[PDB]
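Next comes just one chain, in structure tokens: the form solved without the named molecule.
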């Protein structure tokens, strides 16, 4: 009975296999058949390539030895290689051309999701080439999805030597009959079979996945489109910056490249961006996913004025100052989307680019009090319910699990009217005491939000809505400005509060505005449509954020 799956790298998790490309080179070069593949394999266990794979020597040391094998193979062949022949060029090009076999990785992902222990077992080298980062990046992306990565050059043993298979078994804490072993090399597959392991010879991926599906009894082929990679909170780098004597800001950080500062809405967390963080880091960006002031591990002072846009924006500037960042791309959702527009208007020199999910940019009306403005729109009634200190805190804090379960739902499954909230006397007045679980979230994810909110509750978060007059007075100073830095407005078709139509006049104030639109998407954009959000943000970032 299987509980472990082992995958080779070359020709299994990454395509294409070496022997094929060495073959391709022989042909492109009109060289005698198999000469390159032959010099590569020269001396077998005692040869230069085995020493490389065992970690005795580096890739740069192996290059001249492979060169010497090529000449000697050519000498016996009664052949002469040209004067433009480079092993370095051939190998640089081949390593660079090799990409993750996405459907193979998906099957490994599904197996692990079903409780399998997964591992990569590979005959690899110690790469010290000037271009080593390309391979480093590939191994980084691949390895995160597996329980174990066993590299021949690290353990000093190679396939097909029996000890590596015994090493693999000892690592897995499994007896061989509990293991599926996938390899594209028949010779490297035999020792695993000898031990009684289930083996799959990998030629074309589809056939290999059909065999894998049959042996495991788990659907791997033709499955629905998977969700993007999420975040395990305990596996993240957690950062903390004191922005002022009583205020510290917490954030989760992943990746390298231009800083992308993610600003959640109400009543959320850095964790609301769980589906965006790995994708954006994988796309070549340094992600800083904030716990906004009043939330999670960030400070939550009680004073209402601590949460006006002017103070919040000033603190975000100090946050960048303390981190040594002259700029960051600012991406916000809901209340975070509002902050992000104000960061663009007031601190454009610190904003590389600005993007908002659902939250439109609407200039302050200097001829109408913000309270009058909110009253004009029936859907903003919940904002009035939030005004009175203590009222919404008591309802929202009564049962945290009910709060997040009632709030976090797709457009298809709501239990909340958002209609005449004050008149009804609550957000959850006609809501079940034990709401069902939305298709959007797992119980574990609800529990994370529950645990986060146990620290400071809803006072600081609700305070974000309690500065309408102060925010209005400050926003009025920006009335003659326009947003001329790169900007993206992302609307959600089924957000019944932050309706797409509310963003319709944005081009009057952001003339070069770029747009994204998500169909059949509710208010909780990031978890509702993670794949689409990722696609829109990465595409916009690569074209406009540099």
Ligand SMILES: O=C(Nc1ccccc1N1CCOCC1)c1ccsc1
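Numbering follows the first chain given and starts at 1. Take the two forms, find the largest set of C-alpha atoms that superpose within 1.5 Å, and that set is the rigid core.
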Original post:
Which is farther from the shown form in 9 other deposited structures of this protein in C-alpha RMS with the core fitted, 330-338 or 408-416?
Top reply: 408-416
Subject >> RMS Cα shift after core superposition in 9 other deposited structures of this protein, winner of 421-429 and 294-302 >> reply: 421-429
Subject >> Per the entry, higher mean C-alpha B factor between 171-179 and 203-211 >> reply: 171-179
Original post:
Between 19-27 and 526-534, which has the higher average C-alpha B-factor in the PDB entry?
Top reply: 19-27
Original post:
Which one, 438, 232, 123, 256, has the peak C-alpha temperature factor per the PDB entry?
Top reply: 438
**OP:** Between 478, 491, 41, 60, let me know which has the highest C-alpha B-factor in the entry?
**Re:** 41
Subject >> For residue 34, the third of its chain into which the C-alpha B factor falls >> reply: highest
Subject >> Relative C-alpha B-factor of residue 91, binned into the chain's lowest, middle or highest third >> reply: highest
Subject >> Chain-relative CA temperature factor third for residue 293 >> reply: lowest
**OP:** Using the B-factor values recorded in the entry, state whether the Cα atom of residue 443 falls in the lowest, middle or highest third among the modelled residues of its chain.
**Re:** middle
**OP:** Tell me, lowest, middle or highest third: where does the Cα B factor of residue 269 rank within its chain?
**Re:** lowest
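Form solved in complex with the named molecule: not shown, discussed below.
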Original post:
Of the options 323, 195, 126, 364, which one has a non-hydrogen atom that comes within 4.5 Å of the named molecule in the deposited bound form?
Top reply: 364
Subject >> Among the candidates 298, 467, 199, 272, the residue which, in the deposited bound form, approaches the named molecule to within 4.5 Å (heavy atoms) >> reply: 467
Original post:
Judged by heavy atoms and a 4.5 Å cut-off, are 399, 446 and 457 together in contact with the named molecule in the deposited bound form?
Top reply: no
Original post:
Might residue 472 be said to contact the named molecule in the deposited bound form, defining contact as any heavy atom within 4.5 Å?
Top reply: yes
**OP:** Give a yes or no for residue 150: in the deposited bound form, does one of its heavy atoms lie within 4.5 Å of a heavy atom belonging to the named molecule?
**Re:** no
Subject >> Distance check, residue 370 to the named molecule in the deposited bound form, heavy atom within 4.5 Å >> reply: yes
Original post:
If you check in the deposited bound form, is residue 338 within 4.5 Å of the named molecule, heavy atoms only?
Top reply: yes
**OP:** Within 4.5 Å of the named molecule in the deposited bound form, counting heavy atoms only, one of 72-80, 128-136, 472-480, 280-288 shows up; tell me which.
**Re:** 472-480
Original post:
Which residues within 528-546 place at least one heavy atom within 4.5 Å of the named molecule in the deposited bound form?
Top reply: none
